[PDB]
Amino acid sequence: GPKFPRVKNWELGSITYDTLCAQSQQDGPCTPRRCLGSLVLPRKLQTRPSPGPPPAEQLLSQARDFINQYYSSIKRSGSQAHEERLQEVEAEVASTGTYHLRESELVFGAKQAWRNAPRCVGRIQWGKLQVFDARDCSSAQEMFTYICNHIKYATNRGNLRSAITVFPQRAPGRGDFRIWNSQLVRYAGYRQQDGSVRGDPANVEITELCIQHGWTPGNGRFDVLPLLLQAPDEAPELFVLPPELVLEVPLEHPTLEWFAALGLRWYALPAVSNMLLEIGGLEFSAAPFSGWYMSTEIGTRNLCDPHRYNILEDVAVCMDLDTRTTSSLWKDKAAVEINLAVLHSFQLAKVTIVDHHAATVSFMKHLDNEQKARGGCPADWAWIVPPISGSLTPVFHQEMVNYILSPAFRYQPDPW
């Protein structure tokens, strides 16, 4: 039949073919010999710091492709305006080695990068992203102002709104604008005398960096970290987020009255800040984006991963379960109640959140929309299927094709 991947949904028995993958111009880590789809960080999209200017030929081809994508999106492909823009880009790159995007092109590209993210289950919302243009930012202090504005707009007192703030693109020879923190809101991780960690173990390095740079540390389990913001060719500067701007949700359980006593909590805004936004060859090294949480992110991964808060055993003990044997399914029982507590608490505090069932159902709709609109949707099965109750959600039974499309969000080396 069709010379494209045949994709089947085993729950419904339906079949689709992915023709969109044909547009991928960037190779992933797999080969006919072996599949490396499970690797979290495969040395592929890795946007290593490339000081020397990018090959004008490579950049130009990437730029032309993007401009073509833009004009096709506004249904003016092949038009005079299209050819004139292509000429403007080539001319600008010719005399300067690089080029700049028009406002509308940046908005289109940022939304397309989200739309193209294979690991994001919230993509049905891709068209509603609010793009803040911060390409005029010229200092770390101003970065903080833009970030604070992003946080206030995005949080919106609990009725969260997707948003991305785009700071100046990388420029040949010149230093990058960088946000050192992995997220705008993160809890400190303090190494202890015995070797253990108080707080979030995932943030030990950034916490120590904040200290090395003048931050007076606290000693709690949920201390919000300050931000290390860096402007071109300058040492990073430290900024403490005004507490009133960081909305948090104390965790309680709907029926287990003792759960509130655990003193657990989490912040409302998930804002990834260390990824690179690539559009038509241009690289935006500082472009924090945010949406709202899918509950298993907090309840299962952040709170129960062995290398994170690891609270499974503490909650199981409180539930008086047999943590002495696997067959009691104590981990499963505790995890369920922890996830329920998260949903219950966010709902009580009127803070946007989506459970894994609702999220995956909406992602199935997204897949259907994209099948019609683009002939497919790049998706990373391992990241799309929730960490708990996998096969109880519709995406588990949906085969998926994973590939890289641009514009895109990519991992980049740490600035230190």
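Numbering starts at 1 and follows the sequence shown. Just so we're on the same page, rigid core means the largest C-alpha set that superposes within 1.5 Å between forms.
Larger average C-alpha displacement in 9 other deposited structures of this protein, relative to the shown form after a rigid core fit, is seen for 82-90 when comparing 203-211 with 82-90.
For 169-177 versus 262-270, the mean Cα distance to the shown form in 9 other deposited structures of this protein after rigid core alignment is larger for 169-177. When the other compared entries with both flanking residues are checked, residue 52 is unmodelled in at least a third. As listed in the deposited structure, the average C-alpha B-factor of 83-91 and of 296-304 is greater for 83-91. On average the C-alpha atoms of 93-101 have higher B-factors than those of the other stretch, with 93-101 and 312-320 being the two compared. Residues shown: 159, 77, 290, 345. Highest C-alpha temperature factor in the entry: 77. Note on 109, 270, 173, 118: the highest value goes to 173, judged by CA B factor as recorded. Residue-level temperature factors show residue 196 in the highest third of its chain, judged at the C-alpha atom. In the PDB entry, a CA B factor belonging to the highest third of its chain's modelled residues is recorded for residue 216. When the CA B factors of the chain's modelled residues are split into thirds, the value for residue 360 lands in the lowest one. When all modelled residues of the chain are sorted by CA temperature factor, residue 67 is found within the middle third.
Looking at the C-alpha B-factors along this chain, the one for residue 165 belongs to the lowest third.
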